[PDB]
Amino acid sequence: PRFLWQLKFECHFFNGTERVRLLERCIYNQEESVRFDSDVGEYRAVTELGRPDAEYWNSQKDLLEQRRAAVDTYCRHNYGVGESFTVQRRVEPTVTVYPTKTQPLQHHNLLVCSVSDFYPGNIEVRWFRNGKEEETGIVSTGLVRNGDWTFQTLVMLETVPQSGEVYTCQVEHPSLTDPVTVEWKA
């Protein structure tokens, strides 16, 4: 019979650090009770349980005044401390392509383009067959968060490898000044 009390201090940034929203929220089991939204400037109750704290705290002026300023003393503060290794972290993606099925020419199988070991997550992937870009029937596994500040994705493509074809996976990512290409033939 567990009881859980969460607490989250989040700083939201828009356009570098020109507009910032501090959000201090105290959560019960998984039910958020009270919160302080810099965009309001005072604690508000989200459910019944929080009302008490919503009052007791909104009464403490040294508290409110500290909270309202937290937007800089806290948010804009840490943002600038960890910017270099967080906001501007860049890791090039290593790309690998490989046929799913095992079948002689003329038989219809998946082509997988593994785009791994990259950060930020923001990335674009494209499929090419003999210079003509593919758009239809492209399945994507979506983006993966490896947990070690690294992303990964899989973009599959089905076809009927005919002799002489050249499938190429083209990737574009912030860590790259020029797209990375990987071909594959029959």
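Quick note: we count residues from 1 along the sequence shown, nothing fancier.
The question of which stretch, 7-15 or 162-170, has the higher mean Cα B factor is settled in favour of 162-170. Comparing the deposited coordinates for 28-36 and 144-152, the stretch with the larger average C-alpha B-factor is 28-36. Sort the chain's modelled residues by C-alpha temperature factor and residue 114 lands in the middle third, per the entry. Ranked within its chain, residue 44 lands in the lowest third, by CA B factor from the PDB record.
When the CA B factors of the chain's modelled residues are split into thirds, the value for residue 123 lands in the highest one. Residue 77: CA B factor lies in the lowest third for its chain, per the PDB record. The PDB entry assigns residue 132 a C-alpha temperature factor belonging to the highest third of its chain's modelled residues.
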